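Trainee: Please see the structure below; I have some questions.
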Amino acid sequence: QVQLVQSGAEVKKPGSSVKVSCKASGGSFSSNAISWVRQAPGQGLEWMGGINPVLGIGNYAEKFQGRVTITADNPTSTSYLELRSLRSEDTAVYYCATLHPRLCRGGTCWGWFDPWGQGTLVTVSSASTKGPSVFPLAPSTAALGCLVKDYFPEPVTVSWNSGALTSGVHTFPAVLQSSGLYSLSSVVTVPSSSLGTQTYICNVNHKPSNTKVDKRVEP
Amino acid sequence: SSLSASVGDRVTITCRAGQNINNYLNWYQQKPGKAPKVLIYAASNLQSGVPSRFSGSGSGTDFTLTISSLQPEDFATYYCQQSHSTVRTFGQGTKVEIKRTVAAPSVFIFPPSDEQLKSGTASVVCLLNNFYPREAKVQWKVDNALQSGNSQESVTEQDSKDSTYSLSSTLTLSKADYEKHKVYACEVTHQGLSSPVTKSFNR
């Protein structure tokens, strides 16, 4: 009710099962008052389910009346969200939020959500972990960059000159290939006199594979 | 889903409904990278802590949410939430973008790295740097053959200090398919470009 706190990122495989928690810590709480809204990357929101006040068991959206099961542990005050038959369209950020009921004219209550959990990311692809590939991008107000071209899953960091260069640096949002791996490119604009006079090195760290590669760029 | 405005303009977002949801529409605000927070509930009830610029109205079918004067921390996405016995929807969302004057894209092209061609894949990078508005289209040409299906645009969010976008279209071929062609032209057209810029290279 004051501090909805969620489990953490889960990579899963098609046909599989995720179970996400929502801690609802702090002061007085009702774990039966937590609902679950889902957000699919790049676009808007859809509520998934809540819990019936008169029954104590879940109530879910028509699009998930199949294999969803939210459960409310009243003592430990958490809400577990279990989504199975995972597909690729089910890859999204899953929020929990405390429902403030305003009208219940079924067996279900709905009204508005006040505290929202921090959100856990469920990436589900048929692919498996792989480290990134770094390809330098050379210069001819002159730009240079690095291409991180085939890794999985999403989280990857890019630095320049081991942290010094932070001006004109960009690093774009990654794109997902039909193959299944992620690729992003990071560029920086630098003056045409510091070509050769200053060496530019980018640092790429992909912890999911413990891959920390650095590749420098020369004209 | 997108509205461009600058600090001190007044924006009001209408959110119509199909049936009669009386007073059960809420407004949420979402900033990139964070969960939603409620601003108004019960159509008009400001939630404690949200500034007084925010003003929700309407009843029955047409519902509004106004900001009397935009401030820097007002530029985020706003969803209206229907929640009735008739409809139980969220919104498409409406993104307020921070307005500026048009900027011409600084273009760059990057032929495949020597180290990359050793892998059998050959990826060509184009780069559009610091532009406004976001609306810009790149066009890949290989020997005057127009490309449409191997490229992959990805664009940033409005810069914190430039209020400008940067777009990076990447054309990826197989090493083999790469060697068959001479000209690799990346044509970009923008609002702030008097005539479309092309940045070619011969392999």
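As you go down the protein sequences, you meet chains A and B in turn. Just so we're aligned, residue 181 is where the first sequence starts under my numbering, counting upward by one. Just so we're aligned, residue 4 is where the second sequence starts under my numbering, counting upward by one. The beta-carbon is built from N, C-alpha and C at its ideal position, and this holds for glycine as well.
At 3 residues or longer, what runs of the beta strand (DSSP E) sit wholly inside the stretch 208–247 of chain A?
Mentor: 214–219, 225–231 and 238–240
Trainee: For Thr-271/A, I'd like the list of residues in its chain whose CB is within less than 8 Å of its CB, leaving aside the five on either flank, ordered along the chain.
Mentor: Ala-220, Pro-221, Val-302, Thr-303, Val-304 and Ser-305
Trainee: Kindly indicate which residue of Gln-155/B, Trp-30/B and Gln-142/B has the alpha-carbon position closest to the one of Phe-93/B.
Mentor: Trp-30/B
Trainee: Could you tell me which chain B residues have their CB closer than 9 Å to the CB of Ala-323/A, listed as they occur along the chain?
Mentor: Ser-109, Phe-111, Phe-113, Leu-130 and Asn-132
Trainee: Anything in chain B within Cβ reach of residue 179/A, meaning under 9 Å, just list it in chain order.
Mentor: Residue 179/A lies beyond the residue range present for chain A, which begins at 181 and ends at 399; the question has no answer from this structure.
Trainee: Does the Cβ of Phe-134/B have 16 or more other Cβ atoms within 10 Å, making it buried, or fewer, making it exposed?
Mentor: buried
Trainee: Mapping DSSP to helix, strand and coil, what is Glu-76/B?
Mentor: helix
Trainee: When you compare the CB of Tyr-168/B with every CB in chain A, is at least one pair closer than 8 Å?
Mentor: no
Trainee: Does the Cβ of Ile-231/A have 16 or more other Cβ atoms within 10 Å, making it buried, or fewer, making it exposed?
Mentor: buried
Trainee: For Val-141/B, go through chain A and note every residue whose CB falls closer than 9 Å to its CB, in chain order.
Mentor: Under the 9 Å cutoff, chain A gives no residues; its nearest Cβ is about 14 Å from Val-141/B.
Trainee: Residues bridged to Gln-32/B by DSSP?
Mentor: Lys-40/B and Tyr-81/B
Trainee: Just to confirm, does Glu-398/A get its C-beta within under 7 Å of one of the non-hydrogen atoms of the ligand NAD?
Mentor: By its list of ligands, the structure shown contains no ligand whatsoever, and the ligand NAD lies outside what it can speak to.
Trainee: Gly-94/B touches chain A at which residues, Cβ-Cβ below 9 Å?
Mentor: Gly-224 and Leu-225
Trainee: Residues of chain B with a CB under 7 Å from the CB of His-350/A: which are they?
Mentor: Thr-159 and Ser-169
Trainee: Identify the residues that DSSP records as bridge partners of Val-145/B: which are they?
Mentor: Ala-148/B and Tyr-187/B
Trainee: Using 8 Å as the cut-off, can you tell me whether the stretch 76–91 of chain B makes contact with the stretch 11–29 of chain B, which would need three or more C-beta pairs spanning the two stretches below that distance?
Mentor: yes
Trainee: CA-CA distance, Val-186/B and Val-110/B?
Mentor: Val-186/B and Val-110/B have their C-alpha atoms spaced approximately 17 Å apart.
Trainee: Just how far apart, CA to CA, sit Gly-311/A and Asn-383/A?
Mentor: 14 Å
Trainee: With H, G and I counted as helix, E and B as strand and the rest as coil, what does DSSP make of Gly-11/B?
Mentor: coil
Trainee: Looking at the secondary structure, which residues open and close the beta strand (DSSP E) in which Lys-202/B lies?
Mentor: 200–202
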